[PDB]
Protein chains: 2
Amino acid sequence: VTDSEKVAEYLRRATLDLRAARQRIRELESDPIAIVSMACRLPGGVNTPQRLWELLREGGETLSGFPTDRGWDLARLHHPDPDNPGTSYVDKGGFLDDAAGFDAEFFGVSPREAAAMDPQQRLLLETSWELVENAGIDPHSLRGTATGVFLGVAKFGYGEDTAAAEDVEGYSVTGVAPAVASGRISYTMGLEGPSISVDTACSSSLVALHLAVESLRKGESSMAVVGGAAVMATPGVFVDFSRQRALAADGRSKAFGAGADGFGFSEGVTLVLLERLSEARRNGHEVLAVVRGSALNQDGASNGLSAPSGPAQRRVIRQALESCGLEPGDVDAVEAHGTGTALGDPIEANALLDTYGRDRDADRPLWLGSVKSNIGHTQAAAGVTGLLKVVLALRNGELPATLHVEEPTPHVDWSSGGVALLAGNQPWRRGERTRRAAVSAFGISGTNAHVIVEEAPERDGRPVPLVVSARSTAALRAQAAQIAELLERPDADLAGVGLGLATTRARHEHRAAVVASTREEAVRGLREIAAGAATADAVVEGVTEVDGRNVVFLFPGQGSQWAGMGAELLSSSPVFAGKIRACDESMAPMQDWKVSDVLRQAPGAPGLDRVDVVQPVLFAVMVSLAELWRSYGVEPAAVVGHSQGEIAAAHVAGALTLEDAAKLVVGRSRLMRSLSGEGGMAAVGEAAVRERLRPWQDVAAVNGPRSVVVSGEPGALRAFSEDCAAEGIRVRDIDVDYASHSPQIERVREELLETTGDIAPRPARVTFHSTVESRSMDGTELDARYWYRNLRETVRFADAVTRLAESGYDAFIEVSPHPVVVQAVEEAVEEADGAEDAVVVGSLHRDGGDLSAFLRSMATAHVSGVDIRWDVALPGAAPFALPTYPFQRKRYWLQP
Amino acid sequence: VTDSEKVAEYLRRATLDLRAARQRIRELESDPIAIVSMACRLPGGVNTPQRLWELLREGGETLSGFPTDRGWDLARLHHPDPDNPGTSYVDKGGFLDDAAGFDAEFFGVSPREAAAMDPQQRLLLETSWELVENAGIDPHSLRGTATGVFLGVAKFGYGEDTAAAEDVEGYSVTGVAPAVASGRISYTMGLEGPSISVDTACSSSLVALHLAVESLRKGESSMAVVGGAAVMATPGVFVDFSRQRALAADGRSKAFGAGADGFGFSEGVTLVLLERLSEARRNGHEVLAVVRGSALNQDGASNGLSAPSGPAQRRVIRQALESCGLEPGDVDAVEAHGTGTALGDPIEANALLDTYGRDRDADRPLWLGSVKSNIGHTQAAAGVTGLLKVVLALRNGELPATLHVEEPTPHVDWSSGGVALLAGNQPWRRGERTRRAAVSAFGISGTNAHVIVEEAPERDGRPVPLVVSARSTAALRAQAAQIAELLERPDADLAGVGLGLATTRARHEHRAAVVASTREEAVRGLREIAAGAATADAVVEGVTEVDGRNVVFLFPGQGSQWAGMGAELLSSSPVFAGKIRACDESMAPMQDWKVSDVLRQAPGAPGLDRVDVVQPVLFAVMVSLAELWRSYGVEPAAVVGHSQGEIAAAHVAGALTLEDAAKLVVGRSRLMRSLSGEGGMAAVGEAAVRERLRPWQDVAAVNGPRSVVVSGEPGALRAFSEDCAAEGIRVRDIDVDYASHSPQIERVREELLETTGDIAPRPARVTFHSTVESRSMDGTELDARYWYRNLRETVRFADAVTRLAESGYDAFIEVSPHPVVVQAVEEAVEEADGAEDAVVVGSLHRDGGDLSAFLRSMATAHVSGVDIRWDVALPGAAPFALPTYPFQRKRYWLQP
């Protein structure tokens with residue numbers, strides 16, 4: 001190597017490090033911050049951003065009379081004379097419809113604590129839940145994450161007049177402390193990021209935003225919850241501002257109007273969720289808009305404590321613009337404060353003229369509007385409201401008109417032409433030019449805040465399962481009804497709805513599942529759930545306390561087979577079909593026919609009548625069903641088998657390889673077929689059975705305290721059956737052409753060992769509770785002699801299930817094409833002194849051997865706490881927007 | 001240039017850019033922050049950090065009973081039964097001594113507003129002023145600066161139990177709003193940095209500190225004010241927590257003690273001043289310690305809302321250590337949040353053992369303590385209080401012992417030995433190993449904060465003026481008493497105290513000044529000021545309203561000469577001697593003597609009798625004094641001269657060069673000598689004298705409405721004197737051998753014009769209000785013809801004085817070795833229509849011409865609003881620490 005190239009490599013490394021350093025500096029200074037969702041409670045029964053957008057664009061108001069359910073004494077409160085004390089001269093204001101409502105149980109709050117709680121905190125809890133739901137995130141997924149909370153909240157004298165009542169738990173404090181406002185959100189959602197509650201007058205919310213941005217840029221918080229709340233429980237503010245004559249007589253905020261005369265106050269709660277743009281892209285979240293820069297400062301020594309200052313506003317605007325490295329011609333509109341104050345509006349307009357309006361393009365003037373003209377003035381939640389207005393304008397591509405600007409104030413020389421007020425709705429559609437806007441807030445204390453916002457960057461008939469959950473039956477019914485209403489539209493994408501329910505919603509104790517192929521059946525089932533009568537077979541429900549289980553796979557013996565089982569699954573399940581094909585190829589150098597042909601009943605294959613064909617086929621089917629179950633996230637904890645089912649279990653446990661299992665099954669099946677028409681079996685008190693059997697010499701298996709199977713020669717079998725039928729319980733016969741688990745087996749031992757003395761077991765990965773020696777077994781112990789013993793000795797199913805049940809296992813999934821052992825398992829569990837909320841489920845049925853039946857089985861399991869990865873059932877689908885949780889509210893108010 | 005050299009240049013630029021970028025990254029992330037000043041108000045009459053240190057090191061307690069001056073109904077309040085409602089079973093706690101006191105006038109707030117004010121805000125104002133003064137900074141110097149304010153404060157209920165009245169200004173709302181708590185600090189001090197108030201339970205202060213550090217690093221603020229306040233207006237907290245039995249029976253916080261049983265509450269306010277270390281070093285501030293890193297987080301879904309969580313504490317400790325890049329072995333002591341709670345303390349100790357205690361060196365176990373055990377609980381200001389104690393420990397190099405630790409708690413295991421409690425004071429002298437400590441805060445809301453701290457980096461008999469000022473006479477006397485007591489100490493430094501007063505204190509309305517050379521004269525003068533009798537000589541007082549003045553310079557004519565004038569100045573003033581020496585050099589090729597000889601009265605120098613020597617000496621002295629005035633920052637707005645004085649003025653203004661002025665003055669002096677013993681002058685209504693003069697043929701000047709000057713031949717002079725003597729007012733004579741401003745002069749006209757025709761005047765940088773033509777003149781017009789006319793035509797001194805007076809000028813300075821026109825100027829301004837507070841002052845006196853007299857003259861000027869740059873008088877002196885303002889307090893309290 002020469003000197004020049006050695007210098008060049010150093011230069012290249014230095015340049016790369018320089019680029020990385022510049023990237024880090026940009027990340028720390030002006031990293032773009034995205035917005036993922038938003039939520040709001042606002043006057044006039046407004047609780048969705050869509051409703052607010054409709055109101056704004058239409059151009060309505062929410063002003064109304066005083067509330068009447070808050071214990072206020074309206075009689076003495078009203079008086080015409082402003083000078084009269086303890087009275088106000090206005091009777092119009094914004095208010096919330098149901099501020100007294102709350103659902104204590106959903107948040108695990110006792111009634112007394114709920115009553116002691118400030119309504120603000122309750123509304124923040126509800127709005128935070130709805131916010132996290134809207135973004136498309138499971139609320140439970142945030143437990144244990146660096147998520148911050150930043151709120152602007154202040155006390156409004158709630159419950160002070162309430163006579164001191166006994167309070168052992170100190171509810172009196174935690175219900176009114178502003179810090180607890182965000183502390184309780186963090187506590188309930190389980191967040192670990194910083195929790196802060198600021199109070200800087202009416203600009204609090206934006207202040208809370210600014211801090212949050214820094215936290216997100218310092219890599220200290222992954223997500224931020226930013227917003228404000230204002231719910232006045234007493235009329236004190238009205239009286240105080242009436243003393244100063246700072247209230248509009250009619251109660252309207254006429255921003256920049258000739259008749260501006262004061263404030264129109266209102267309540268409201270608002271929240272937004274913030275994350276880094278790059279992290280939003282990486283996680284796949286959706287983006288509504290982007291934040292670029294912000295600026296804060298103080299008016300300083302102004303003319304009076306509460307008077308505004310123009311120079312401070314100009315300085316903060318310029319700082320905000322320079323921080324993000326933009327120019328004043330880059331902005332298109334401003335959501336100015338505009339509280340309708342007589343003295344303030346001209347100042348703000350002049351500042352805007354001097355900062356943006358100067359040297360403005362003659363054709364592209366700055367559009368100026370105010371949201372306070374419509375919704376009023378919420379103080380603590382004022383700025384975030386303007387931000388939300390800007391976001392809605394961006395999404396809908398339109399600029400709502402601002403009200404009461406028919407006659408602009410003469411004090412601002414609009415002849416300059418740099419700015420213009422939105423007298424009517426203006427299209428703001430996307431195009432080559434970038435869209436940007438600016439939001440402002442000016443606290444009475446003197447702090448000012450200015451923020452810049454920019455547009456976001458440019459961007460079959462198979463079975464469908466649907467899951468729904470809630471914490472109460474009424475809530476579950478309401479949820480089902482809401483989903484039904486949603487699905488009745490022609491636009492709904494059934495797969496999208498299913499995926500959204502499966503992945504973007506939390507799982508509560510009350511659960512209900514519906515598998516459907518068309519929307520009509522789905523809505524029918526949802527109506528059944530809402531009405532409380534789940535008669536249909538496509539609807540299941542349940543209630544559970546634990547989100548997990550200890551799953552066990554049961555592998556039964558004969559009886560489950562039936563012609564055509566698995567035909568549909570072959571075409572519908574690539575995993576199952578692949579397992580069957582693999583088993584076919586593995587079994588290939590032992591025989592001619594293929595299980596794949598047998599299932600389809602193709603031309604030229606044996607039927608399900610000879611042992612040598614049924615046993616391998618059942619083995620293959622059962623293994624494939626086990627693979628399918630595992631595919632959906634259900635990894636077994638232990639495996640149990642019945643007779644040759646043990647083989648399959650061993651293959652599932654990993655102790656054996658597929659080829660060895662095929663050899664074993666083929667061997668045993670052929671050597672058993674060698675005994676065609678030489679023995680029999682029948683079904684049925686173990687001791688009583690043995691005593692009755694003594695007279696002869698011909699016990700096979702034990703399935704419970706009363707279920708018993710007997711085997712042996714035909715003649716003695718008939719003799720015993722005749723006696724038993726003449727004494728009591730029936731003797732049900734079995735379809736088989738031999739006698740198993742009997743001395744008859746002794747003859748064929750040597751050939752079996754000759755054939756199968758070459759298998760090489762392995763260590764196990766899943767507990768293999770053998771039914772032969774009744775204990776956990778090491779994979780090494782399963783040799784040819786073990787399988788001879790398994791074939792020879794008696795079967796102990798009841799004992800195995802009992803040992804498993806009292807060991808802490810509570811879920812039992814029999815892997816078979818038909819339920820034949822569920823009943824015995826249920827009876828044993830009931831007689832067992834183990835977990836009482838056990839769940840037992842089959843896999844398929846004699847009929848309905850299609851994917852839908854398997855999904856119904858999985859839903860029956862899921863509604864009982866077993867985890868399922870429903871997303872697997874919905875390949876290629878995209879999630880869909882859904883409504884929020886239907887809270888069941890009650891009244892909680894502390895009255896004097 | 002070879003390829004290698006160019007590649008080397010590219011490489012060098014890349015490397016330097018990379019290094020600068022890494023520096024920028026470090027500045028943004030973990031730039032060290034310095035502490036410059038601190039202030040506190042605490043129980044037991046503790047109002048200074050020094051008192052707190054004394055208390056802690058001695059190991060005292062401030063516990064006391066409930067206040068009796070807040071209106072609380074004590075009889076009903078106290079009761080033993082815990083469950084009896086509306087009563088408290090604890091009767092001891094920490095309280096401030098003068099919560100109700102406040103100085104209203106100083107902060108410019110009316111008594112009614114102050115009464116409506118929350119005491120917290122008042123104490124915040126006082127403590128903020130004291131904090132800014134302690135740093136060694138003029139509070140008025142922060143006006144128009146980007147200084148942020150961050151506080152942790154919450155409401156307690158001042159004013160709810162009173163009746164609403166006429167509040168036209170909104171005092172009821174403004175007084176109690178927490179946002180206004182910081183808004184008022186910003187407003188009164190004229191700061192433009194962000195003002196933010198937070199509430200996060202007991203950890204609010206450290207959260208504010210974290211935010212302030214972030215803001216300082218971002219460059220958003222130049223300096224930050226951080227701290228908290230907690231004043232208990234009503235006994236709600238006590239009764240409330242009594243309902244829960246959460247309070248200690250004795251009210252003593254036995255942190256980490258076997259007897260810990262609950263809380264003990266106290267009131268307190270604390271503040272600290274922060275700025276980047278490099279900025280403090282560059283500006284030259286004092287550094288008390290360095291803050292390195294901090295971390296905030298939340299308990300998350302802990303065991304209950306109010307319960308603590310150890311894992312969160314460990315996480316925040318690790319984040320705090322990692323933020324600045326340190327190791328647990330680098331910390332020598334921690335100040336826990338030990339509140340004396342049985343549950344909490346073991347958890348915190350266990351968390352500490354797992355982070356610093358793990359793998360800890362066996363010869364330096366981490367020292368553990370808690371300040372709360374001494375001053376109880378401070379709630380909102382708790383965190384910052386701990387930070388205080390550490391800093392003091394750093395400054396004094398000692399760790400105070402902790403109280404109530406006679407028997408450590410058994411729940412925690414100290415056998416590990418990684419952590420040890422501070423049973424007794426431990427020497428902590430500065431040495432090779434760096435000293436570091438940590439502070440912790442855990443709020444009930446669930447927010448946990450951790451911070452790290454490090455020690456700061458390593459580092460005649462002339463006259464002296466002492467200045468004092470205040471907004472009230474009583475405050476001024478109190479200040480003077482404080483300064484005298486400071487000087488009475490043996491360690492007191494005179495120059496340091498003088499400079500500290502000059503540069504580190506704001507200048508207020510009422511002012512006083514004492515010039516002294518020894519501490520004895522100083523202390524006596526201060527005592528006389530404190531007595532209210534300014535009878536002494538080296539003491540001046542006054543009251544001024546404006547901080548500036550339109551100053552004017554006055555140059556009198558003959559009369560101010562005397563023997564020995566300027567002897568002390570030649571030695572005690574380099575500027576004066578330099579200017580006079582320059583004049584001598586400029587004067588060399590016209591004469592032989594040096595004016596220095598005449599002033600020193602060196603042998604062989606002409607006496608002050610011959611007119612050919614007197615005038616140039618006055619010229620030189622006047623220009624030298626003008627330069628002396630300039631050097632102290634007293635720049636003249638305009639100049640005015642009497643007779644030859646204009647020449648001097650012309651040099652001060654800049655129209656004439658020193659050499660040219662010497663030429664003109666020497667020529668005039670010689671031509672006047674040429675007419676020795678041929679004329680006379682005498683002093684004296686202009687009309688009354690003009691009507692008298694008609695008979696003869698000889699008027700010289702006009703000094704005022706009655707003061708007039710006459711010149712003429714000896715015979716007519718004596719005749720006029722005889723006539724006026726037998727008619728009334730006297731006629732003073734003048735010592736001179738000629739007649740000036742008369743037809744006599746016309747003889748020597750042409751020779752004067754020829755000799756002095758080489759001058760080349762220039763534009764004048766300062767207004768030159770010529771008295772020859774009664775208006776301002778440009779320099780270029782001042783030719784030899786003009787100067788001949790000056791020597792010839794009458795003077796209009798009074799008219800010039802009046803015109804300058806009514807034109808807005810208010811301060812007149814007579815730059816001369818003796819005042820000869822002070823009375824006339826004072827009268828002239830009296831009958832004018834300008835400012836009524838015009839100040840007039842001389843420069844020296846016949847009796848006394850040393851630097852001290854000139855300083856007294858400048859003090860007489862300064863006490864009337866004229867700015868002076870005193871620090872020039874105190875070169876090299878190191879500033880000295882001084883006490884803060886002596887607030888005069890009155891009771892303001894809203895009673896039920």
# chains A, B, ... in the order shown; residues from 1 in each chain; ligands from 1
$ select_by_dssp --residues "region 390-515 of chain A" --states "strand (DSSP E)" --output "short mmCIF file (atom, residue, chain, number, x, y, z; two decimals) with N, CA and C atoms, in the first residue's frame"
data_model
loop_
_atom_site.label_atom_id
_atom_site.label_comp_id
_atom_site.auth_asym_id
_atom_site.auth_seq_id
_atom_site.Cartn_x
_atom_site.Cartn_y
_atom_site.Cartn_z
N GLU A 398 -58.13 22.48 4.41
CA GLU A 398 -59.01 23.64 4.37
C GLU A 398 -58.75 24.49 5.60
N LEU A 399 -59.01 25.79 5.47
CA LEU A 399 -58.80 26.73 6.56
C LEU A 399 -60.14 27.28 7.04
N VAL A 419 -51.31 40.84 5.72
CA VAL A 419 -52.11 39.84 6.42
C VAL A 419 -53.57 40.01 6.01
N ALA A 420 -54.35 38.96 6.23
CA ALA A 420 -55.77 38.98 5.92
C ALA A 420 -56.48 37.98 6.81
N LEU A 421 -57.70 38.33 7.22
CA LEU A 421 -58.48 37.49 8.12
C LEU A 421 -59.41 36.59 7.31
N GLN A 426 -61.27 28.72 3.20
CA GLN A 426 -60.31 28.84 2.11
C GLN A 426 -59.67 27.49 1.84
N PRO A 427 -59.66 27.01 0.59
CA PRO A 427 -58.96 25.76 0.30
C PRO A 427 -57.47 25.90 0.57
N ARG A 436 -47.31 25.25 6.06
CA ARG A 436 -46.84 25.51 7.41
C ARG A 436 -47.77 26.50 8.09
N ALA A 437 -47.76 26.48 9.42
CA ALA A 437 -48.60 27.35 10.22
C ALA A 437 -47.91 27.64 11.54
N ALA A 438 -48.39 28.67 12.23
CA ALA A 438 -47.80 29.10 13.49
C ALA A 438 -48.87 29.30 14.55
N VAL A 439 -48.63 28.75 15.74
CA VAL A 439 -49.55 28.88 16.87
C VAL A 439 -48.89 29.71 17.95
N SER A 440 -49.70 30.55 18.61
CA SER A 440 -49.19 31.50 19.59
C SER A 440 -50.02 31.44 20.86
N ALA A 441 -49.39 31.79 21.97
CA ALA A 441 -50.09 31.92 23.24
C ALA A 441 -49.35 32.94 24.10
N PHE A 442 -50.11 33.71 24.87
CA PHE A 442 -49.55 34.79 25.69
C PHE A 442 -50.21 34.71 27.07
N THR A 447 -45.42 35.20 30.38
CA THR A 447 -44.73 34.26 29.51
C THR A 447 -45.43 34.18 28.16
N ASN A 448 -44.64 34.03 27.10
CA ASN A 448 -45.14 33.92 25.74
C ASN A 448 -44.61 32.63 25.12
N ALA A 449 -45.38 32.09 24.18
CA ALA A 449 -44.99 30.85 23.52
C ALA A 449 -45.40 30.92 22.06
N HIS A 450 -44.50 30.46 21.19
CA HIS A 450 -44.76 30.43 19.76
C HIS A 450 -44.23 29.13 19.19
N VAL A 451 -45.04 28.45 18.38
CA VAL A 451 -44.69 27.14 17.85
C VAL A 451 -44.97 27.11 16.35
N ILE A 452 -44.18 26.32 15.63
CA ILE A 452 -44.29 26.18 14.18
C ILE A 452 -44.71 24.75 13.87
N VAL A 453 -45.66 24.59 12.96
CA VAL A 453 -46.21 23.29 12.59
C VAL A 453 -46.11 23.14 11.08
N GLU A 454 -45.69 21.96 10.63
CA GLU A 454 -45.52 21.68 9.22
C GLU A 454 -46.26 20.40 8.85
N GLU A 455 -46.66 20.31 7.59
CA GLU A 455 -47.43 19.17 7.12
C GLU A 455 -46.61 17.89 7.21
N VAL A 464 -62.76 -15.07 8.82
CA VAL A 464 -62.25 -13.91 9.55
C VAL A 464 -62.66 -14.06 11.01
N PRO A 465 -61.72 -14.10 11.95
CA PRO A 465 -62.08 -14.08 13.37
C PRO A 465 -62.10 -12.67 13.93
N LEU A 466 -63.05 -12.44 14.84
CA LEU A 466 -63.24 -11.15 15.46
C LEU A 466 -63.33 -11.35 16.96
N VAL A 467 -62.53 -10.59 17.70
CA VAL A 467 -62.47 -10.69 19.16
C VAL A 467 -62.90 -9.36 19.75
N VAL A 468 -63.58 -9.43 20.89
CA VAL A 468 -64.01 -8.24 21.60
C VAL A 468 -63.87 -8.51 23.09
N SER A 469 -63.55 -7.47 23.85
CA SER A 469 -63.36 -7.65 25.28
C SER A 469 -63.76 -6.38 26.01
N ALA A 470 -64.01 -6.53 27.30
CA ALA A 470 -64.41 -5.43 28.16
C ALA A 470 -64.30 -5.88 29.61
N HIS A 510 -63.81 -9.91 30.47
CA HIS A 510 -64.96 -10.33 29.69
C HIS A 510 -64.57 -10.38 28.22
N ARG A 511 -64.81 -11.52 27.57
CA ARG A 511 -64.38 -11.69 26.19
C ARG A 511 -65.48 -12.38 25.39
N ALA A 512 -65.52 -12.08 24.10
CA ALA A 512 -66.48 -12.70 23.18
C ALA A 512 -65.88 -12.71 21.79
N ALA A 513 -66.03 -13.83 21.10
CA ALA A 513 -65.42 -14.04 19.79
C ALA A 513 -66.46 -14.54 18.80
N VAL A 514 -66.32 -14.08 17.56
CA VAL A 514 -67.19 -14.46 16.46
C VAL A 514 -66.31 -14.71 15.24
N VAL A 515 -66.41 -15.90 14.66
CA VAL A 515 -65.76 -16.20 13.39
C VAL A 515 -66.81 -16.14 12.30
#
$ residues_around --residues "region 300-310 of chain A" --least-positions-apart "4" --cutoff "9 Å" --atoms "only C-alpha atoms" --output "list in words"
residues 314, 315, 343, 344, 347, 348, 350, 351, 442, 443, 444, 445, 446 and 447 of chain A; 143, 144, 145, 183, 184, 186, 187, 188, 189, 190, 191, 192 and 193 of chain B
$ write_last_selection --atoms "N, CA, C and O atoms" --output "compact mmCIF listing (two decimals), in the first residue's frame"
# COMPACT_ATOMS: atom_id res chain seq x y z
N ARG A 314 -42.55 40.00 19.08
CA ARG A 314 -41.69 39.99 17.91
C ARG A 314 -40.44 39.16 18.16
O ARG A 314 -40.04 38.35 17.32
N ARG A 315 -39.82 39.33 19.33
CA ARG A 315 -38.60 38.58 19.64
C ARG A 315 -38.87 37.08 19.67
O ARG A 315 -38.09 36.30 19.12
N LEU A 343 -57.76 45.86 24.38
CA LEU A 343 -56.44 46.46 24.27
C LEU A 343 -55.41 45.57 23.59
O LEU A 343 -54.42 46.08 23.06
N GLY A 344 -55.62 44.25 23.60
CA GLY A 344 -54.58 43.34 23.15
C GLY A 344 -54.55 43.10 21.65
O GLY A 344 -53.47 43.03 21.06
N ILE A 347 -52.24 45.07 19.32
CA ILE A 347 -50.84 44.82 19.59
C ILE A 347 -50.39 43.57 18.86
O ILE A 347 -49.36 43.56 18.17
N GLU A 348 -51.17 42.49 19.00
CA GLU A 348 -50.83 41.24 18.34
C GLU A 348 -50.82 41.41 16.83
O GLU A 348 -49.92 40.92 16.14
N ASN A 350 -50.29 44.13 15.09
CA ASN A 350 -49.13 44.93 14.69
C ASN A 350 -47.85 44.10 14.73
O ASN A 350 -47.01 44.21 13.83
N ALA A 351 -47.69 43.27 15.76
CA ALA A 351 -46.52 42.41 15.82
C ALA A 351 -46.48 41.47 14.63
O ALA A 351 -45.43 41.29 14.00
N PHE A 442 -50.11 33.71 24.87
CA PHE A 442 -49.55 34.79 25.69
C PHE A 442 -50.21 34.71 27.07
O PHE A 442 -51.36 35.11 27.24
N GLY A 443 -49.46 34.20 28.04
CA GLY A 443 -49.97 34.11 29.40
C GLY A 443 -50.16 35.47 30.04
O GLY A 443 -49.49 36.44 29.66
N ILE A 444 -51.08 35.56 31.00
CA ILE A 444 -51.24 36.82 31.72
C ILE A 444 -50.03 37.08 32.61
O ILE A 444 -49.64 38.23 32.83
N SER A 445 -49.41 36.02 33.13
CA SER A 445 -48.24 36.18 33.98
C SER A 445 -47.09 36.84 33.25
O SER A 445 -46.19 37.39 33.90
N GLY A 446 -47.08 36.81 31.92
CA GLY A 446 -46.05 37.44 31.13
C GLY A 446 -45.31 36.51 30.19
O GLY A 446 -44.63 37.00 29.29
N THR A 447 -45.42 35.20 30.38
CA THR A 447 -44.73 34.26 29.51
C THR A 447 -45.43 34.18 28.16
O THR A 447 -46.66 34.25 28.07
N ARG B 143 -31.66 44.15 34.01
CA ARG B 143 -32.78 44.61 33.20
C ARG B 143 -32.45 44.42 31.72
O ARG B 143 -31.39 44.84 31.25
N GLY B 144 -33.37 43.81 30.99
CA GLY B 144 -33.14 43.54 29.59
C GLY B 144 -32.23 42.37 29.30
O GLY B 144 -31.60 42.33 28.25
N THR B 145 -32.15 41.41 30.21
CA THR B 145 -31.35 40.21 30.03
C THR B 145 -32.25 38.98 29.93
O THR B 145 -33.41 38.99 30.36
N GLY B 183 -44.13 35.16 37.74
CA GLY B 183 -44.36 36.32 36.90
C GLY B 183 -43.96 37.61 37.58
O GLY B 183 -43.40 38.50 36.94
N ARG B 184 -44.22 37.74 38.88
CA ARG B 184 -43.88 38.96 39.59
C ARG B 184 -42.37 39.09 39.75
O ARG B 184 -41.83 40.20 39.67
N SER B 186 -40.16 38.02 37.62
CA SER B 186 -39.69 38.48 36.32
C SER B 186 -40.06 39.94 36.09
O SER B 186 -39.27 40.72 35.56
N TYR B 187 -41.27 40.33 36.50
CA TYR B 187 -41.78 41.67 36.23
C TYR B 187 -40.99 42.74 36.98
O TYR B 187 -40.54 43.73 36.40
N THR B 188 -40.82 42.54 38.29
CA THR B 188 -40.17 43.57 39.10
C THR B 188 -38.71 43.74 38.72
O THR B 188 -38.19 44.86 38.72
N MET B 189 -38.03 42.65 38.39
CA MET B 189 -36.61 42.68 38.07
C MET B 189 -36.34 42.94 36.59
O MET B 189 -35.18 43.11 36.20
N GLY B 190 -37.38 42.96 35.76
CA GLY B 190 -37.19 43.23 34.34
C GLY B 190 -36.42 42.16 33.60
O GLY B 190 -35.54 42.48 32.80
N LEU B 191 -36.73 40.89 33.85
CA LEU B 191 -36.06 39.78 33.18
C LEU B 191 -36.89 39.30 32.00
O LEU B 191 -38.13 39.35 32.03
N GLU B 192 -36.21 38.81 30.97
CA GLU B 192 -36.87 38.32 29.76
C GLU B 192 -36.71 36.83 29.51
O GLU B 192 -37.12 36.37 28.44
N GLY B 193 -36.13 36.08 30.43
CA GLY B 193 -36.05 34.64 30.28
C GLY B 193 -37.35 33.98 30.65
O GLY B 193 -38.24 34.60 31.24
$ select_by_dssp --residues "region 319-463 of chain B" --states "helix (DSSP H, G or I)" --output "ChimeraX atom specification"
/B:319-324,328-330,344-355,372-375,379-396
$ closest_residue --among "A:695, A:761, A:86, A:557" --to "chain B" --atoms "only C-alpha atoms"
A:86
$ closest_residue --among "B:651, B:13, B:549, B:435" --to "chain A" --atoms "only C-alpha atoms"
B:13
$ residues_around --residues "region 533-543 of chain A" --least-positions-apart "2" --cutoff "9 Å" --atoms "only C-alpha atoms" --output "PyMOL selection string"
chain A and resi 508-516+521-522+525-531+545+856+859-860+862-865
$ closest_residue --among "B:616, B:210, B:486, B:95" --to "residue 232 (chain B)" --atoms "only C-alpha atoms"
B:95
